[PDB]
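Student: This block holds the first chain(s) of the complex, placed as they are in the complex; more will follow:
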Amino acid sequence: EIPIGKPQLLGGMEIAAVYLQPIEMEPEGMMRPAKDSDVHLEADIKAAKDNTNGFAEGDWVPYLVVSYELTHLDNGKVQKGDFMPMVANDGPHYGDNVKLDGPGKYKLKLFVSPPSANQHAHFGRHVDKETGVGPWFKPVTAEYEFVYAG
């Protein structure tokens, strides 16, 4: 794995980015095939100390809505995608197999939003006095930059 940029403290969480070789995933048809990709991009999102959404320090934060924008700074080529939650041998991540635009410098923007809290919600929030937690974090954007060699 090659770390990207620096881990950033945002929304009560530590948000880091990494990339490695393209991976293979079940269900297969829900990610770009490894054969057609250059890297697997991963967002590492863990709860920071004193998290106000019920998570202890170091916990993976599940059910987030995570997207990305990748720019080849050399020529300005922009590409956008979504991350999918998935589990690997080192635990759960948000990831996507990505085809890049050759070597050069890249800017990575991560759009991290909280779980849906309307009629489409997957993930709930206790709000009683004894066991309730604070409101979902406001959506954040984390910026990175790296040089791709391969």
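Tutor: Great, that's in hand. Residues are numbered from 1 along each chain as shown, chains lettered A, B, ... in the order given.
Student: The helix or strand hosting residue A:144: partners in the sheet, and parallel or antiparallel?
Tutor: Using DSSP states H and E, residue A:144 sits within strand A:140-148. Counting by DSSP bridges, the strands paired with strand A:140-148 are strand A:104-113 (antiparallel).
Student: buried sites along the partner strand?
Tutor: A:106, A:108, A:109, A:110, A:111, A:112, A:113 (16 or more other C-beta atoms under 10 Å). From N, CA and C alone the C-beta is placed, and that goes for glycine too.
Student: Same check on stretch A:86-98?
Tutor: A:86, A:93, A:94, A:95, A:96, A:97, A:98.
Student: same thing with stretch A:53-70?
Tutor: Quick answer for stretch A:53-70 (16+ other C-beta under 10 Å): A:53, A:55, A:60, A:61, A:64, A:66, A:67, A:68, A:70.
Student: and that stretch, C-alpha only, in CSV?
Tutor: Only the C-alpha atoms of stretch A:53-70 are listed here, as CSV (Å, rounded to 0.1, in the frame of the first residue of the first chain):
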residue,chain,number,x,y,z
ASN,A,53,-21.9,10.0,17.1
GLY,A,54,-21.5,7.1,19.6
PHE,A,55,-18.2,5.6,18.3
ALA,A,56,-15.2,4.9,20.4
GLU,A,57,-11.7,6.0,19.3
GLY,A,58,-10.5,3.8,16.4
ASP,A,59,-13.9,2.3,15.4
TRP,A,60,-14.6,2.1,11.7
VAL,A,61,-17.5,4.5,10.9
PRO,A,62,-20.1,2.5,8.9
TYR,A,63,-23.0,3.5,6.7
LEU,A,64,-21.3,6.7,5.5
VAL,A,65,-21.9,8.1,2.0
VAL,A,66,-18.4,8.5,0.4
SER,A,67,-17.6,9.8,-3.1
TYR,A,68,-14.4,11.0,-4.8
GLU,A,69,-13.1,13.3,-7.4
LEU,A,70,-9.7,12.5,-9.0
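Student: Residue A:39 pairs with what?
Tutor: Beta-bridge partners for residue A:39, by DSSP bridges, are residue A:98.
Student: how far does stretch A:47-60 sit from the chain's center?
Tutor: Centre-to-centre, stretch A:47-60 and its host chain are 16 Å apart (C-alpha atoms, centre = their mean, to the nearest Å).
Student: next up, chain B:
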Amino acid sequence: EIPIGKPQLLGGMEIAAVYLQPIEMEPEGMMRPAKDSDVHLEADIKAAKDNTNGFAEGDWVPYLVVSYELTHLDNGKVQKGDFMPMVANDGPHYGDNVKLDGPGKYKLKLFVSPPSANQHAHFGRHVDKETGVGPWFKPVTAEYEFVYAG
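Tutor: Chain B goes in next, on the same frame as the chains above:
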């Protein structure tokens, strides 16, 4: 909180059940309202030692499909539903607000399926040699008998 039955090691996880006061949740409408309920049933599902699906011992296992049948053994009345994932000040869990059927003996049967069965929120599994994990556990069931005071 009142523990019910006994914790059970199944599918590489430890599955325990409690109930407590009906809890108020946001969004409003993703679960039976608290004042229309008698208890909040909760499944406590954590990875066991040497989990084969990539989760470290003691971690919460997210994106599971947890459904239930709750029988009032005293008269055979059955009620059914799904547990939904949610977070409280002591972490995430699966649960449901339920209206009971008076005092007496109850049997809660949990049906637990892996995240590959999750319609609501897709969740992937690495399957390459380098970063992959073993196949998802086959669906398990677990029962918890308890006496409700009323």
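Student: In light of the added chain B, please revisit the buried residues of stretch A:53-70.
Tutor: Within stretch A:53-70, the residues scored as buried using 16 or more other C-beta atoms under 10 Å in any protein chain shown are A:53-55, A:59-64, A:66-68, A:70.
Student: Which ones, among those residues, also lie beside chain B?
Tutor: Near chain B, judged by C-beta under 8 Å from any C-beta of the partner chain, the entries from these are A:53, A:54, A:55, A:59, A:60, A:62, A:63.
Student: Identify, from those residues, the entry nearest to residue B:79.
Tutor: Residue B:79 lies nearest to residue A:63 out of these, by C-beta to C-beta, at 26.3 Å.
Student: pretty sure that closest one contacts residue A:125?
Tutor: No - with contacts counted by C-beta atoms under 8 Å, residue A:63 stays clear of residue A:125, the gap being 10.7 Å.
Student: re the thing from before, taking the buried residues of stretch A:53-70 together, which two end up most distant?
Tutor: A:54 and A:70 (31.8 Å).
Student: mind checking how far the residue nearest the centre of chain A is from residue B:118?
Tutor: When C-alpha atoms, centre = their mean is applied to chain A, the residue found nearest the centroid is residue A:43 (3.2 Å). Between residue A:43 and residue B:118 the distance, using C-beta to C-beta, to the nearest Å, works out to 20 Å.
Student: And the strands in chain A?
Tutor: Secondary structure of chain A (DSSP state E): strands at A:2-10, A:13-20, A:25-26, A:39-47, A:65-72, A:77-82, A:84-88, A:91-98, A:104-113, A:124-126, A:140-148.
Student: Show me how far the fourth one is from its chain's centre.
Tutor: Computed by C-alpha atoms, centre = their mean, the chain-centroid distance of strand A:39-47 equals 5 Å.
Student: what's the answer for stretch A:102-122, then?
Tutor: That offset, for stretch A:102-122, works out to 6 Å (C-alpha atoms, centre = their mean).
Student: returning to what we had before: pretty sure the residue nearest to the centre of chain A contacts residue A:81?
Tutor: No - using C-beta under 8 Å, residue A:43 is not in contact with residue A:81, being 11.5 Å away.
Student: Residues that sit against both of the two, list them.
Tutor: Here residue A:43 and residue A:81 have residue A:68 as joint contacts, going by C-beta atoms under 8 Å, 6 or more residues apart in numbering or on different chains.
Student: related to what we said a few turns ago, so for the strand holding residue A:144, what gets flagged as buried?
Tutor: Neighbour-count burial for strand A:140-148, counted by 16+ other C-beta under 10 Å, picks out A:140, A:142, A:144, A:146, A:148.
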